[PDB]
Amino acid sequence: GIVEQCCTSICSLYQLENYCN
Amino acid sequence: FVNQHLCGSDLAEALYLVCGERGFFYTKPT
């Protein structure tokens, strides 16, 4: 759900704050 | 909050602008 919530919806840095190693 | 929508590299970017040195894995290429 990173391209389906970003390309279609918006990704709050908080949601992308969980895609870091 | 931030209305930033992005896909493909655009993902690798938010990821790149979101963390950076922390590291970010982008599953599924294209």
# chains A, B, ... in the order shown; residues from 1 in each chain; ligands from 1
$ residues_around --residues "residue 8 (chain A)" --least-positions-apart "6" --cutoff "12 Å" --atoms "only C-alpha atoms" --output "list in words"
residues 1 and 2 of chain A; 3, 4, 5, 6 and 7 of chain B
$ closest_atom_pairs --of "chain B" --to "chain A" --cutoff "8 Å" --atoms "only C-alpha atoms" --output "CSV"
residue,atom,partner,partner_atom,distance
B:1,CA,A:12,CA,5.3
B:2,CA,A:12,CA,5.5
B:3,CA,A:10,CA,5.5
B:4,CA,A:10,CA,5.4
B:5,CA,A:10,CA,4.6
B:6,CA,A:7,CA,5.0
B:7,CA,A:7,CA,4.9
B:8,CA,A:3,CA,7.2
B:11,CA,A:3,CA,7.2
B:14,CA,A:16,CA,7.3
B:15,CA,A:16,CA,6.6
B:18,CA,A:13,CA,6.6
B:19,CA,A:20,CA,6.4
B:22,CA,A:21,CA,5.7
B:23,CA,A:21,CA,4.5
B:24,CA,A:20,CA,4.2
B:25,CA,A:19,CA,6.8
$ write_last_selection --atoms "N, CA, C and O atoms" --output "PDB file, in the first residue's frame"
ATOM      1  N   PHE B   1      -1.083  14.553   6.707  1.00  0.00           N
ATOM      2  CA  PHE B   1      -1.175  16.039   6.676  1.00  0.00           C
ATOM      3  C   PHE B   1      -0.674  16.549   5.321  1.00  0.00           C
ATOM      4  O   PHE B   1      -1.441  17.003   4.497  1.00  0.00           O
ATOM      5  N   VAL B   2       0.609  16.480   5.089  1.00  0.00           N
ATOM      6  CA  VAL B   2       1.158  16.962   3.790  1.00  0.00           C
ATOM      7  C   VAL B   2       0.419  16.275   2.638  1.00  0.00           C
ATOM      8  O   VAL B   2       0.359  15.064   2.562  1.00  0.00           O
ATOM      9  N   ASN B   3      -0.141  17.039   1.741  1.00  0.00           N
ATOM     10  CA  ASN B   3      -0.872  16.429   0.594  1.00  0.00           C
ATOM     11  C   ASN B   3       0.126  16.056  -0.505  1.00  0.00           C
ATOM     12  O   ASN B   3       0.055  16.547  -1.614  1.00  0.00           O
ATOM     13  N   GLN B   4       1.058  15.193  -0.204  1.00  0.00           N
ATOM     14  CA  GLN B   4       2.062  14.795  -1.232  1.00  0.00           C
ATOM     15  C   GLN B   4       1.701  13.433  -1.832  1.00  0.00           C
ATOM     16  O   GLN B   4       1.803  12.410  -1.187  1.00  0.00           O
ATOM     17  N   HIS B   5       1.300  13.415  -3.073  1.00  0.00           N
ATOM     18  CA  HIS B   5       0.953  12.124  -3.733  1.00  0.00           C
ATOM     19  C   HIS B   5       2.083  11.757  -4.699  1.00  0.00           C
ATOM     20  O   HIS B   5       2.546  12.589  -5.456  1.00  0.00           O
ATOM     21  N   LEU B   6       2.554  10.535  -4.675  1.00  0.00           N
ATOM     22  CA  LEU B   6       3.673  10.170  -5.597  1.00  0.00           C
ATOM     23  C   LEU B   6       3.742   8.655  -5.831  1.00  0.00           C
ATOM     24  O   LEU B   6       3.388   7.863  -4.985  1.00  0.00           O
ATOM     25  N   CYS B   7       4.205   8.253  -6.988  1.00  0.00           N
ATOM     26  CA  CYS B   7       4.304   6.793  -7.301  1.00  0.00           C
ATOM     27  C   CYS B   7       5.691   6.489  -7.898  1.00  0.00           C
ATOM     28  O   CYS B   7       6.512   7.371  -8.047  1.00  0.00           O
ATOM     29  N   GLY B   8       5.957   5.251  -8.242  1.00  0.00           N
ATOM     30  CA  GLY B   8       7.289   4.890  -8.836  1.00  0.00           C
ATOM     31  C   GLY B   8       8.410   5.678  -8.146  1.00  0.00           C
ATOM     32  O   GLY B   8       8.396   5.871  -6.951  1.00  0.00           O
ATOM     33  N   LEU B  11       7.973   7.618  -5.347  1.00  0.00           N
ATOM     34  CA  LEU B  11       7.950   6.948  -4.012  1.00  0.00           C
ATOM     35  C   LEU B  11       9.370   7.023  -3.474  1.00  0.00           C
ATOM     36  O   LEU B  11       9.634   7.522  -2.397  1.00  0.00           O
ATOM     37  N   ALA B  14       9.853  10.602  -1.870  1.00  0.00           N
ATOM     38  CA  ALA B  14       9.308  10.850  -0.506  1.00  0.00           C
ATOM     39  C   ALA B  14      10.151  10.026   0.453  1.00  0.00           C
ATOM     40  O   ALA B  14      10.611  10.493   1.473  1.00  0.00           O
ATOM     41  N   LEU B  15      10.397   8.807   0.077  1.00  0.00           N
ATOM     42  CA  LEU B  15      11.266   7.921   0.891  1.00  0.00           C
ATOM     43  C   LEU B  15      12.639   8.586   1.023  1.00  0.00           C
ATOM     44  O   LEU B  15      13.229   8.629   2.084  1.00  0.00           O
ATOM     45  N   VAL B  18      12.081  11.689   2.958  1.00  0.00           N
ATOM     46  CA  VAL B  18      11.494  11.404   4.283  1.00  0.00           C
ATOM     47  C   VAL B  18      12.585  10.949   5.264  1.00  0.00           C
ATOM     48  O   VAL B  18      12.677  11.446   6.369  1.00  0.00           O
ATOM     49  N   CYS B  19      13.404  10.007   4.881  1.00  0.00           N
ATOM     50  CA  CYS B  19      14.465   9.531   5.811  1.00  0.00           C
ATOM     51  C   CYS B  19      15.843   9.849   5.231  1.00  0.00           C
ATOM     52  O   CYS B  19      16.489  10.800   5.620  1.00  0.00           O
ATOM     53  N   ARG B  22      18.608   6.800   6.938  1.00  0.00           N
ATOM     54  CA  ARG B  22      17.944   5.703   7.701  1.00  0.00           C
ATOM     55  C   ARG B  22      17.799   4.476   6.805  1.00  0.00           C
ATOM     56  O   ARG B  22      17.886   3.351   7.253  1.00  0.00           O
ATOM     57  N   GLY B  23      17.583   4.687   5.541  1.00  0.00           N
ATOM     58  CA  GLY B  23      17.434   3.536   4.603  1.00  0.00           C
ATOM     59  C   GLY B  23      15.955   3.353   4.248  1.00  0.00           C
ATOM     60  O   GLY B  23      15.093   3.520   5.085  1.00  0.00           O
ATOM     61  N   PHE B  24      15.642   2.996   3.028  1.00  0.00           N
ATOM     62  CA  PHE B  24      14.203   2.789   2.677  1.00  0.00           C
ATOM     63  C   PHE B  24      14.100   1.685   1.621  1.00  0.00           C
ATOM     64  O   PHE B  24      14.733   1.746   0.586  1.00  0.00           O
ATOM     65  N   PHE B  25      13.314   0.673   1.873  1.00  0.00           N
ATOM     66  CA  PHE B  25      13.184  -0.433   0.878  1.00  0.00           C
ATOM     67  C   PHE B  25      11.897  -0.261   0.065  1.00  0.00           C
ATOM     68  O   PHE B  25      10.814  -0.158   0.607  1.00  0.00           O
TER      69      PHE B  25
END
$ select_by_dssp --residues "chain B" --states "helix (DSSP H, G or I)" --output "PyMOL selection string"
chain B and resi 8-18
